[PDB]
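To start, the structure under review is shown below, and the notes come after it.
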Amino acid sequence: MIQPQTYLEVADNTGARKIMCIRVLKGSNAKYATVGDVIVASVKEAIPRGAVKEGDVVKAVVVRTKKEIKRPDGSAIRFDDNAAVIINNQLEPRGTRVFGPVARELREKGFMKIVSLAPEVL
Amino acid sequence: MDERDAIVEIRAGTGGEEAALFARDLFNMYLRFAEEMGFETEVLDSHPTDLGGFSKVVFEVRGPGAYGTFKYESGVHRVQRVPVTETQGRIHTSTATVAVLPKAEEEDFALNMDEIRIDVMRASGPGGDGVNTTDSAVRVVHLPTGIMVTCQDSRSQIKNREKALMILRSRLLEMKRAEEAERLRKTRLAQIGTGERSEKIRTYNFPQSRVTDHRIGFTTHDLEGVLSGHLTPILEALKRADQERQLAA
RNA sequence: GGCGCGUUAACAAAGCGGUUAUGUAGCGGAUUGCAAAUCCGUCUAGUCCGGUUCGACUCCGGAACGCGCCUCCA
RNA sequence: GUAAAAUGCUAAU
RNA sequence: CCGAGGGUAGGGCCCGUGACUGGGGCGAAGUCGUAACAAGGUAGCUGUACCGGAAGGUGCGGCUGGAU
RNA sequence: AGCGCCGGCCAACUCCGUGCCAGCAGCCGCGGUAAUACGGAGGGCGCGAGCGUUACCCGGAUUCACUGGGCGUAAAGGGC
RNA sequence: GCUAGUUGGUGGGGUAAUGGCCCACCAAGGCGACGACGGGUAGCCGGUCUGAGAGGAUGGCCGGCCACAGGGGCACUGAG
RNA sequence: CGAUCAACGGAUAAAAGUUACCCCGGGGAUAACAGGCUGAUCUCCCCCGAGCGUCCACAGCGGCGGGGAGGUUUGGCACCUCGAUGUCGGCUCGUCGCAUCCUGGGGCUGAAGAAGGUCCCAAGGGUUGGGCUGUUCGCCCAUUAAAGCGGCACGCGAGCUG
RNA sequence: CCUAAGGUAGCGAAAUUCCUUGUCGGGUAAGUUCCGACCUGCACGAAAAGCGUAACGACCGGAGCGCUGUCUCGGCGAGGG
RNA sequence: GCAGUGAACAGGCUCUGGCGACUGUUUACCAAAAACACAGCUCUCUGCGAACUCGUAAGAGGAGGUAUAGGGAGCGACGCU
RNA sequence: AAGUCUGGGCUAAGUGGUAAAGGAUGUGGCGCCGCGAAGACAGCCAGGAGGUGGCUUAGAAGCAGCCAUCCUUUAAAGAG
RNA sequence: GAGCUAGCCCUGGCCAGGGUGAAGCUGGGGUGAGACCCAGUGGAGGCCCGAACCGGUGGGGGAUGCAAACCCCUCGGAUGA
Ligand SMILES: [K+]
Ligand SMILES: [Mg+2]
Ligand SMILES: [Mg+2]
Ligand SMILES: [Mg+2]
Ligand SMILES: [Mg+2]
Ligand SMILES: [Mg+2]
Ligand SMILES: [Mg+2]
Ligand SMILES: [Mg+2]
Ligand SMILES: [Mg+2]
Ligand SMILES: [Mg+2]
Ligand SMILES: [Mg+2]
Ligand SMILES: [Mg+2]
Ligand SMILES: [Mg+2]
Ligand SMILES: [Mg+2]
Ligand SMILES: [Mg+2]
Ligand SMILES: [Mg+2]
Ligand SMILES: [Mg+2]
Ligand SMILES: [Mg+2]
Ligand SMILES: [Mg+2]
Ligand SMILES: [Mg+2]
Ligand SMILES: [Mg+2]
Ligand SMILES: [Mg+2]
Ligand SMILES: [Mg+2]
Ligand SMILES: [Mg+2]
Ligand SMILES: [Mg+2]
Ligand SMILES: [Mg+2]
Ligand SMILES: [Mg+2]
Ligand SMILES: [Mg+2]
Ligand SMILES: [Mg+2]
Ligand SMILES: [Mg+2]
Ligand SMILES: [Mg+2]
Ligand SMILES: [Mg+2]
Ligand SMILES: [Mg+2]
Ligand SMILES: [Mg+2]
Ligand SMILES: [Mg+2]
Ligand SMILES: [Mg+2]
Ligand SMILES: [Mg+2]
Ligand SMILES: [Mg+2]
Ligand SMILES: [Mg+2]
Ligand SMILES: [Mg+2]
Ligand SMILES: [Mg+2]
Ligand SMILES: [Mg+2]
Ligand SMILES: [Mg+2]
Ligand SMILES: [Mg+2]
Ligand SMILES: [Mg+2]
Ligand SMILES: [Mg+2]
Ligand SMILES: [Mg+2]
Ligand SMILES: [Mg+2]
Ligand SMILES: [Mg+2]
Ligand SMILES: [Mg+2]
Ligand SMILES: [Mg+2]
Ligand SMILES: [Mg+2]
Ligand SMILES: [Mg+2]
Ligand SMILES: [Mg+2]
Ligand SMILES: [Mg+2]
Ligand SMILES: [Mg+2]
Ligand SMILES: [Mg+2]
Ligand SMILES: [Mg+2]
Ligand SMILES: [Mg+2]
Ligand SMILES: [Mg+2]
Ligand SMILES: [Mg+2]
Ligand SMILES: [Mg+2]
Ligand SMILES: [Mg+2]
Ligand SMILES: [Mg+2]
Ligand SMILES: [Mg+2]
Ligand SMILES: [Mg+2]
Ligand SMILES: [Mg+2]
Ligand SMILES: [Mg+2]
Ligand SMILES: [Mg+2]
Ligand SMILES: [Mg+2]
Ligand SMILES: [Mg+2]
Ligand SMILES: [Mg+2]
Ligand SMILES: [Mg+2]
Ligand SMILES: [Mg+2]
Ligand SMILES: [Mg+2]
Ligand SMILES: [Mg+2]
Ligand SMILES: [Mg+2]
Ligand SMILES: [Mg+2]
Ligand SMILES: [Mg+2]
Ligand SMILES: [Mg+2]
Ligand SMILES: [Mg+2]
Ligand SMILES: [Mg+2]
Ligand SMILES: [Mg+2]
Ligand SMILES: [Mg+2]
Ligand SMILES: [Mg+2]
Ligand SMILES: [Mg+2]
Ligand SMILES: [Mg+2]
Ligand SMILES: [Mg+2]
Ligand SMILES: [Mg+2]
Ligand SMILES: [Mg+2]
Ligand SMILES: [Mg+2]
Ligand SMILES: [Mg+2]
Ligand SMILES: [Mg+2]
Ligand SMILES: [Mg+2]
Ligand SMILES: [Mg+2]
Ligand SMILES: [Mg+2]
Ligand SMILES: [Mg+2]
Ligand SMILES: [Mg+2]
Ligand SMILES: [Mg+2]
Ligand SMILES: [Mg+2]
Ligand SMILES: [Mg+2]
Ligand SMILES: [Mg+2]
Ligand SMILES: [Mg+2]
Ligand SMILES: [Mg+2]
Ligand SMILES: [Mg+2]
Ligand SMILES: [Mg+2]
Ligand SMILES: [Mg+2]
Ligand SMILES: [Mg+2]
Ligand SMILES: [Mg+2]
Ligand SMILES: [Mg+2]
Ligand SMILES: [Mg+2]
Ligand SMILES: [Mg+2]
Ligand SMILES: [Mg+2]
Ligand SMILES: [Mg+2]
Ligand SMILES: [Mg+2]
Ligand SMILES: [Mg+2]
Ligand SMILES: [Mg+2]
Ligand SMILES: [Mg+2]
Ligand SMILES: [Mg+2]
Ligand SMILES: [Mg+2]
Ligand SMILES: [Mg+2]
Ligand SMILES: [Mg+2]
Ligand SMILES: [Mg+2]
Ligand SMILES: [Mg+2]
Ligand SMILES: [Mg+2]
Ligand SMILES: [Mg+2]
Ligand SMILES: [Mg+2]
Ligand SMILES: [Mg+2]
Ligand SMILES: [Mg+2]
Ligand SMILES: [Mg+2]
Ligand SMILES: [Mg+2]
Ligand SMILES: [Mg+2]
Ligand SMILES: [Mg+2]
Ligand SMILES: [Mg+2]
Ligand SMILES: [Mg+2]
Ligand SMILES: [Mg+2]
Ligand SMILES: [Mg+2]
Ligand SMILES: [Mg+2]
Ligand SMILES: [Mg+2]
Ligand SMILES: [Mg+2]
Ligand SMILES: [Mg+2]
Ligand SMILES: [Mg+2]
Ligand SMILES: [Mg+2]
Ligand SMILES: [Mg+2]
Ligand SMILES: [Mg+2]
Ligand SMILES: [Mg+2]
Ligand SMILES: [Mg+2]
Ligand SMILES: [Mg+2]
Ligand SMILES: [Mg+2]
Ligand SMILES: [Mg+2]
Ligand SMILES: [Mg+2]
Ligand SMILES: [Mg+2]
Ligand SMILES: [Mg+2]
Ligand SMILES: [Mg+2]
Ligand SMILES: [Mg+2]
Ligand SMILES: [Mg+2]
Ligand SMILES: [Mg+2]
Ligand SMILES: [Mg+2]
Ligand SMILES: [Mg+2]
Ligand SMILES: [Mg+2]
Ligand SMILES: [Mg+2]
Ligand SMILES: [Mg+2]
Ligand SMILES: [Mg+2]
Ligand SMILES: [Mg+2]
Ligand SMILES: [Mg+2]
Ligand SMILES: [Mg+2]
Ligand SMILES: [Mg+2]
Ligand SMILES: [Mg+2]
Ligand SMILES: [Mg+2]
Ligand SMILES: [Mg+2]
Ligand SMILES: [Mg+2]
Ligand SMILES: [Mg+2]
Ligand SMILES: [Mg+2]
Ligand SMILES: [Mg+2]
Ligand SMILES: [Mg+2]
Ligand SMILES: [Mg+2]
Ligand SMILES: [Mg+2]
Ligand SMILES: [Mg+2]
Ligand SMILES: [Mg+2]
Ligand SMILES: [Mg+2]
Ligand SMILES: [Mg+2]
Ligand SMILES: [Mg+2]
Ligand SMILES: [Mg+2]
Ligand SMILES: [Mg+2]
Ligand SMILES: [Mg+2]
Ligand SMILES: [Mg+2]
Ligand SMILES: [Mg+2]
Ligand SMILES: [Mg+2]
Ligand SMILES: [Mg+2]
Ligand SMILES: [Mg+2]
Ligand SMILES: [Mg+2]
Ligand SMILES: [Mg+2]
Ligand SMILES: [Mg+2]
Ligand SMILES: [Mg+2]
Ligand SMILES: [Mg+2]
Ligand SMILES: [Mg+2]
Ligand SMILES: [Mg+2]
Ligand SMILES: [Mg+2]
Ligand SMILES: [Mg+2]
Ligand SMILES: [Mg+2]
Ligand SMILES: [Mg+2]
Ligand SMILES: [Mg+2]
Ligand SMILES: [Mg+2]
Ligand SMILES: [Mg+2]
Ligand SMILES: [Mg+2]
Ligand SMILES: [Mg+2]
Ligand SMILES: [Mg+2]
Ligand SMILES: [Mg+2]
Ligand SMILES: [Mg+2]
Ligand SMILES: [Mg+2]
Ligand SMILES: [Mg+2]
Ligand SMILES: [Mg+2]
Ligand SMILES: [Mg+2]
Ligand SMILES: [Mg+2]
Ligand SMILES: [Mg+2]
Ligand SMILES: [Mg+2]
Ligand SMILES: [Mg+2]
Ligand SMILES: [Mg+2]
Ligand SMILES: [Mg+2]
Ligand SMILES: [Mg+2]
Ligand SMILES: [Mg+2]
Ligand SMILES: [Mg+2]
Ligand SMILES: [Mg+2]
Ligand SMILES: [Mg+2]
Ligand SMILES: [Mg+2]
Ligand SMILES: [Mg+2]
Ligand SMILES: [Mg+2]
Ligand SMILES: [Mg+2]
Ligand SMILES: [Mg+2]
Ligand SMILES: [Mg+2]
Ligand SMILES: [Mg+2]
Ligand SMILES: [Mg+2]
Ligand SMILES: [Mg+2]
Ligand SMILES: [Mg+2]
Ligand SMILES: [Mg+2]
Ligand SMILES: [Mg+2]
Ligand SMILES: [Mg+2]
Ligand SMILES: [Mg+2]
Ligand SMILES: [Mg+2]
Ligand SMILES: [Mg+2]
Ligand SMILES: [Mg+2]
Ligand SMILES: [Mg+2]
Ligand SMILES: [Mg+2]
Ligand SMILES: [Mg+2]
Ligand SMILES: [Mg+2]
Ligand SMILES: [Mg+2]
Ligand SMILES: [Mg+2]
Ligand SMILES: [Mg+2]
Ligand SMILES: [Mg+2]
Ligand SMILES: [Mg+2]
Ligand SMILES: [Mg+2]
Ligand SMILES: [Mg+2]
Ligand SMILES: [Mg+2]
Ligand SMILES: [Mg+2]
């Protein structure tokens, strides 16, 4: 459950460390973003000389949420942080590595390169 | 262009008091050549030196074809002679610059109200129930440029709308005057440059009675005639090398 | 918008119902190696329109532009 | 000890 | 226990960069004056102080690298 | 068989072209209508499968001086 | 101006082996204008270049020594 | 005879201001809010067809003029209310109009397609979250099918805020 | 030309600037506010003092971190009514 | 043991502007402030039966003080002016 | 409350029962021309041409803008 | 009418506890003597935290009130004007 003002960790190597969701790119007025949804975000904290810098308005897909995700089989999954992978307008990740587990919901939503790059899919 | 009247801006170059004197030689040369063309001259701005020269002279040449003829004079003209200001008898090399501008339109500026949006709203500050309930404040927006003027100076929307449009027009005009002035500036610097001894367009060597126009190679020896107005040989020779430049592919 | 003031020559600026204002400049001369300073001379006028008057820069009315002040209780 | 009217001058062996 | 390192917080030094700002060097011409070099037309220079468009001026004290 | 060079330093010069232009330049300086200093040419000088240039080190620099310097007025005696 | 394992002691641990190398404790000492501490830079020498020498510059190949093996830490094995 | 007693039937021989520290008596005889009437201003729609649009008045436009509608704005008037009709914006809750922002249906196009332009029908539903400012308004950020415009005492303070 | 004489230093879109949300720079995804500048100061200015200033302030601005039912956006529970 | 000031009482912090130096004071009961006061600075009056204040006066205060003092005024630590 | 009273006519819009410029083969009634068996008007069927363009324009050459709009078999055919 | 409130006059009373640690003094160092440095002692202050006590900052409640100014939370002063 991500919304504008929500801070997200960056689970890639773009240089970005903290991004702040400013929009949920899901229709006219979606209240919340979950795993596999795209957001617009401000890059609030970055390491020096990365691809993106502080101030950049970027897109990302949310890979992990602290609000548990429910699944048709009756199970659920919950992460310790809210994390996102920064992407381009073609949904491809802009970094070359993905740090940490990602939700299997990303697969079924066409984020296969990200799923591939992720060290564990849960 | 070619057929409209022309403004000629003669400015002293490197040379100091002798550049200013030579500027007056260039000045009298053009006024005469205007007579021998049926052209009318009129001085708009003159800055005389107490020695007889001009640090700057600006005059118009009125008559059909002025910018057609005088246009070939815009540049730096070099003089080489023994100045009246020299006392050891040396030859000094001074410069004067000539700037040729087609005469301008004083075109009047008015607002196309169809490209102006007027917003009315409540003003701010004091007024009691008045300021609370009255659409006295006015914003006028020049839709093409986007610049806006606001007025709540009075209690009246009508007075405030008028003052807003006044200021808006006055600001657009100052923008339009500034563009044409930046355009004029670059044009001028293109013709005149720094006015250094290089950059020269034509030499006037009094020791040798030589007048060389290094743009085409035309040399004469009637330096007295040239300075008395008889410039027509150079122009035509420039004019013909012009058309020989317009031989294409 | 209201009220008051103003528009004079190259500029700045006055008086005046009949009349080279003035200062500086500009213009001719002098002086100076030359320029300045200085000296001898000299000179261009009343925003437009309409009235009064024998006669208007001058007076009255309007316009145009400029300046100054005010436009408050909502 | 007293003794000055008065400014300037570019840039080419 | 120590421990690569990661993290949190506060310091230090250095580099690059910054609206704007300070003066500086330079320039075959500009505007203003003429301070200095000749009792340079008020001898100059001086530390300091106050002042002035600008060089500078003036006060106090010093120096001669001052004139006849 | 080529490359550098021929104002002075520094060895090697005349002619045309150019006319403060085009250009040369390590320094001093050349070029503004008779340029050994620009460009070419002829002639010449120097090296040679090299010739020049750029960068950098020591030298020339007794110009950090120990060998081997200075401080009245050239930079330099500390106010005592 | 620097210094808390800091400088010394005692007792230990460890090592092939001395040592604060490590540890517990006792003492309050240790270093510095003969430049400690910090900052910059650098692998060092035989040698090499230059220089009249004294000096200066330099450490490429070759030899000697040290240091490092993607960036770090660590020990196992072992004569090492 | 002495009056610019010129406020010219002339209050004293003799006289200015300020009050948001204010007070009383009155007035909806008279302003400010809102309503009303009106509609110059405002908004919208037409008529004319000069001209633009390579060509071609009318795809899209419309010189000089002309005719209307509406009753959001700014005014005019002073008709209920001054023994009180609480006034901006926000919040909440809406409801209506349609001159329609979107979605649905259309004609024309200078409509190849896609995407637009323009006009017609259509009010069922919908019409986002932020930065600035008290703001309304407007600009900006990120989105959207779209980020409509107006009426309701510029809706709504015996509902809140201030 | 006029004046009694024409605002010096310092400061300045300010508790002051109408135009104004001036312009530039900073901060923000986006800043009519804020900070730093600029200076045609509508309408600063030197004891109704000018410009600074450590410390202090239930004063008034601006920003960040922390944390939160303020909010998205509301739910449940308690007791007095 | 989830948790040891295990309950109760007991600062959120930082950066940066404006104003006022500061602790104080105020519109009892809508304003606590940038307002008032404040040490301190300056101008001025006052030679003592002082000036000034209250009072018709007497008499008082000033002050059982005496110009390093007393009154009045503005400014408001301090710094540079 | 009193005529679904009488006679002639108009309107088809619920106009009546809310408005203008202006627009219209709405409807009825007048005029005043005109063309018609010299066979009209509408439809249909031919012809509707040629020298073929004249200025500007590589074609604008009957069918852009400019210039005037000659004439043949003819029953009539505009260089439109 | 100063039994409210404002100022002053006389005479009494009150201010838990904790924190900071000025001057001075002592000792040591330092010097020609000094200044001054250091440690200890000391206990200053319109100093700090915080009850009583004196206030009344922000918010909520109350609004025919418990109350014609109250209640709750929060907050300022608390050896001093
Ligand atoms: K009043
Ligand atoms: Mg980066
Ligand atoms: Mg940042
Ligand atoms: Mg940043
Ligand atoms: Mg990425
Ligand atoms: Mg991670
Ligand atoms: Mg001379
Ligand atoms: Mg409009
Ligand atoms: Mg208003
Ligand atoms: Mg405001
Ligand atoms: Mg008012
Ligand atoms: Mg109104
Ligand atoms: Mg006016
Ligand atoms: Mg006059
Ligand atoms: Mg004049
Ligand atoms: Mg006069
Ligand atoms: Mg007079
Ligand atoms: Mg005269
Ligand atoms: Mg004269
Ligand atoms: Mg003369
Ligand atoms: Mg006249
Ligand atoms: Mg007359
Ligand atoms: Mg007249
Ligand atoms: Mg006359
Ligand atoms: Mg006149
Ligand atoms: Mg007149
Ligand atoms: Mg006003
Ligand atoms: Mg008033
Ligand atoms: Mg003298
Ligand atoms: Mg003399
Ligand atoms: Mg003089
Ligand atoms: Mg001069
Ligand atoms: Mg000079
Ligand atoms: Mg560690
Ligand atoms: Mg560490
Ligand atoms: Mg820096
Ligand atoms: Mg001099
Ligand atoms: Mg002098
Ligand atoms: Mg002289
Ligand atoms: Mg002199
Ligand atoms: Mg002198
Ligand atoms: Mg002096
Ligand atoms: Mg003086
Ligand atoms: Mg000297
Ligand atoms: Mg050579
Ligand atoms: Mg030789
Ligand atoms: Mg010959
Ligand atoms: Mg050469
Ligand atoms: Mg050389
Ligand atoms: Mg030459
Ligand atoms: Mg020649
Ligand atoms: Mg020569
Ligand atoms: Mg030659
Ligand atoms: Mg040369
Ligand atoms: Mg040479
Ligand atoms: Mg040569
Ligand atoms: Mg060989
Ligand atoms: Mg050397
Ligand atoms: Mg040496
Ligand atoms: Mg020696
Ligand atoms: Mg020497
Ligand atoms: Mg000495
Ligand atoms: Mg000395
Ligand atoms: Mg000294
Ligand atoms: Mg130990
Ligand atoms: Mg050790
Ligand atoms: Mg010990
Ligand atoms: Mg190091
Ligand atoms: Mg290093
Ligand atoms: Mg040597
Ligand atoms: Mg070495
Ligand atoms: Mg290593
Ligand atoms: Mg490697
Ligand atoms: Mg490794
Ligand atoms: Mg390693
Ligand atoms: Mg009167
Ligand atoms: Mg009267
Ligand atoms: Mg009267
Ligand atoms: Mg009468
Ligand atoms: Mg009377
Ligand atoms: Mg009398
Ligand atoms: Mg009176
Ligand atoms: Mg009164
Ligand atoms: Mg008041
Ligand atoms: Mg007031
Ligand atoms: Mg009162
Ligand atoms: Mg009263
Ligand atoms: Mg009263
Ligand atoms: Mg009253
Ligand atoms: Mg009353
Ligand atoms: Mg009454
Ligand atoms: Mg009346
Ligand atoms: Mg009435
Ligand atoms: Mg009224
Ligand atoms: Mg009115
Ligand atoms: Mg009203
Ligand atoms: Mg009213
Ligand atoms: Mg009104
Ligand atoms: Mg109302
Ligand atoms: Mg009204
Ligand atoms: Mg009403
Ligand atoms: Mg109307
Ligand atoms: Mg109407
Ligand atoms: Mg109207
Ligand atoms: Mg219409
Ligand atoms: Mg056309
Ligand atoms: Mg068409
Ligand atoms: Mg029109
Ligand atoms: Mg009309
Ligand atoms: Mg109408
Ligand atoms: Mg209405
Ligand atoms: Mg109506
Ligand atoms: Mg209305
Ligand atoms: Mg109205
Ligand atoms: Mg009425
Ligand atoms: Mg009436
Ligand atoms: Mg009323
Ligand atoms: Mg009643
Ligand atoms: Mg009533
Ligand atoms: Mg009532
Ligand atoms: Mg509505
Ligand atoms: Mg419709
Ligand atoms: Mg549209
Ligand atoms: Mg549609
Ligand atoms: Mg559609
Ligand atoms: Mg289509
Ligand atoms: Mg298309
Ligand atoms: Mg369509
Ligand atoms: Mg249509
Ligand atoms: Mg609808
Ligand atoms: Mg914010
Ligand atoms: Mg907002
Ligand atoms: Mg807003
Ligand atoms: Mg606004
Ligand atoms: Mg759409
Ligand atoms: Mg759209
Ligand atoms: Mg919005
Ligand atoms: Mg309302
Ligand atoms: Mg509304
Ligand atoms: Mg309301
Ligand atoms: Mg209320
Ligand atoms: Mg309200
Ligand atoms: Mg109500
Ligand atoms: Mg009510
Ligand atoms: Mg109600
Ligand atoms: Mg009511
Ligand atoms: Mg308020
Ligand atoms: Mg309030
Ligand atoms: Mg002023
Ligand atoms: Mg002055
Ligand atoms: Mg001064
Ligand atoms: Mg100043
Ligand atoms: Mg400013
Ligand atoms: Mg601003
Ligand atoms: Mg300020
Ligand atoms: Mg102001
Ligand atoms: Mg402003
Ligand atoms: Mg404003
Ligand atoms: Mg803005
Ligand atoms: Mg910015
Ligand atoms: Mg930041
Ligand atoms: Mg900005
Ligand atoms: Mg705000
Ligand atoms: Mg600022
Ligand atoms: Mg400005
Ligand atoms: Mg002031
Ligand atoms: Mg005053
Ligand atoms: Mg004031
Ligand atoms: Mg004053
Ligand atoms: Mg200040
Ligand atoms: Mg200070
Ligand atoms: Mg301060
Ligand atoms: Mg401070
Ligand atoms: Mg305070
Ligand atoms: Mg206080
Ligand atoms: Mg306070
Ligand atoms: Mg904040
Ligand atoms: Mg924050
Ligand atoms: Mg926060
Ligand atoms: Mg709640
Ligand atoms: Mg409940
Ligand atoms: Mg209950
Ligand atoms: Mg346990
Ligand atoms: Mg506390
Ligand atoms: Mg603050
Ligand atoms: Mg400031
Ligand atoms: Mg401010
Ligand atoms: Mg205070
Ligand atoms: Mg205060
Ligand atoms: Mg202050
Ligand atoms: Mg202060
Ligand atoms: Mg103070
Ligand atoms: Mg102050
Ligand atoms: Mg206190
Ligand atoms: Mg305190
Ligand atoms: Mg009160
Ligand atoms: Mg009160
Ligand atoms: Mg009361
Ligand atoms: Mg209160
Ligand atoms: Mg207050
Ligand atoms: Mg209060
Ligand atoms: Mg307070
Ligand atoms: Mg007060
Ligand atoms: Mg104070
Ligand atoms: Mg003071
Ligand atoms: Mg004093
Ligand atoms: Mg006194
Ligand atoms: Mg009395
Ligand atoms: Mg008395
Ligand atoms: Mg007595
Ligand atoms: Mg006594
Ligand atoms: Mg006193
Ligand atoms: Mg005070
Ligand atoms: Mg004060
Ligand atoms: Mg003050
Ligand atoms: Mg019947
Ligand atoms: Mg009958
Ligand atoms: Mg109908
Ligand atoms: Mg009907
Ligand atoms: Mg009808
Ligand atoms: Mg009492
Ligand atoms: Mg009592
Ligand atoms: Mg007592
Ligand atoms: Mg106490
Ligand atoms: Mg105690
Ligand atoms: Mg205590
Ligand atoms: Mg204590
Ligand atoms: Mg403590
Ligand atoms: Mg102690
Ligand atoms: Mg003692
Ligand atoms: Mg002692
Ligand atoms: Mg002590
Ligand atoms: Mg104590
Ligand atoms: Mg103690
Ligand atoms: Mg205290
Ligand atoms: Mg305290
Ligand atoms: Mg404490
Ligand atoms: Mg009180
Ligand atoms: Mg309270
Ligand atoms: Mg109380
Ligand atoms: Mg609270
Ligand atoms: Mg309350
Ligand atoms: Mg309440
Ligand atoms: Mg009450
Ligand atoms: Mg009651
Ligand atoms: Mg209470
Ligand atoms: Mg209590
Ligand atoms: Mg409490
Ligand atoms: Mg407390
Ligand atoms: Mg307390
Ligand atoms: Mg406290
Ligand atoms: Mg306390
Ligand atoms: Mg206490
Ligand atoms: Mg006491």
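Heavy atoms only: backbone and side chains are in, while hydrogens, waters and symmetry mates are out. Here is the naming used below: chain letters follow the sequence lines, and residue numbers restart at 1 for every chain.
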My understanding is that a pair needs two contacts under 3.5 Å, Watson-Crick or G-U wobble. By that rule, which nucleotide pairs with [N]?
N     : result
K:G62 : none
L:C75 : L:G55
H:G94 : H:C152

Is the distance between the six-membered ring centres of E:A35 and E:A36 below 5.5 Å, and is the angle between those ring planes below 30 degrees?
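Judged on centre distance and plane angle, the pair counts as stacked.
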
Please collect all salt bridge (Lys or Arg N to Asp or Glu O under 4.0 Å) contacts where either partner lies in residues 77-86 of chain B, sequence neighbours excluded, each pair once.
B:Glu18-B:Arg81, B:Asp25-B:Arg81, B:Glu86-B:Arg90

Between [options], which nucleotide gets closest to the side-chain atoms of [X]?
X        : options              : result
B:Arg210 : F:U33, H:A142, C:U71 : F:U33
B:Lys200 : H:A142, F:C21, C:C72 : F:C21
B:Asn132 : C:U71, H:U74, H:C88  : H:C88
A:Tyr32  : C:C34, I:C73, I:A29  : I:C73

Under 4.0 Å, counting only non-hydrogen atoms across every strand here, what does [X] touch: a base, just sugar-phosphate, or nothing?
X        : answer
A:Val24  : nothing
B:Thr97  : nothing
B:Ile158 : sugar-phosphate

Using 30° and 60° as the class limits, which term best fits the ring planes of B:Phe70 and B:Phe39: parallel, tilted or perpendicular?
tilted

How would nucleotides 151-162 of chain H be written as a contact map, 5' to 3', with B for base contact, S for sugar-phosphate-only contact and - for no contact, using protein heavy atoms under 4.0 Å?
---B--------

Contact pattern, 5' to 3', of nucleotides 7-13 of chain D - B, S or - by protein heavy atom under 4.0 Å:
---BBBS

Phosphate-side-chain proximity, [X] and [N], N/O vs OP1/OP2 below 4.0 Å:
X        : N      : result
B:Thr150 : I:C19  : no
A:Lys31  : H:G129 : no
A:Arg49  : E:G16  : no
A:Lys44  : I:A29  : yes

Is the glycosidic torsion of H:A99 within 90° of 0, making it syn, or is it anti?
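That one's syn.
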
Just jot down the side chain to side chain contact (heavy atoms under 4.5 Å, CB included) partners of A:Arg94, sequence neighbours excluded, or say none.
A:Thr14, A:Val52, A:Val58, A:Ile86, A:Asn88

Would you list the protein and nucleotides 65-69 of chain C atom pairs, both N or O, that sit under 3.5 Å from each other?
none

Mind checking whether F:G29 and F:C24 form a Watson-Crick or G-U wobble pair, both distances under 3.5 Å?
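So F:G29 is base-paired to F:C24.
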
Nearest nucleotide by nearest heavy atom, which residue falls closer to the 5' end of RNA chain C, B:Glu162 or B:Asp50?
B:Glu162

B:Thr49 side-chain N/O to B:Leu51 backbone N/O, donor-acceptor pair under 3.5 Å:
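Such a contact is absent between B:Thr49 side chain and B:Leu51 backbone.
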
Could you go through residues 5-17 of chain B and list every donor-acceptor pair under 3.5 Å that involves a side-chain atom there, pairing it with any protein atom two or more places apart or in another chain?
residue : atom : partner  : partner atom : Å
B:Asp5  : OD1  : B:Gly63  : N            : 2.6
B:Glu9  : OE1  : B:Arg11  : NH1          : 3.3
B:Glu9  : OE1  : B:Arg11  : NH2          : 3.3
B:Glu9  : OE1  : B:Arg188 : NE           : 2.4
B:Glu9  : OE1  : B:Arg188 : NH2          : 3.2
B:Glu9  : OE2  : B:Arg188 : NH2          : 2.7
B:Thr14 : OG1  : B:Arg197 : NH2          : 3.0

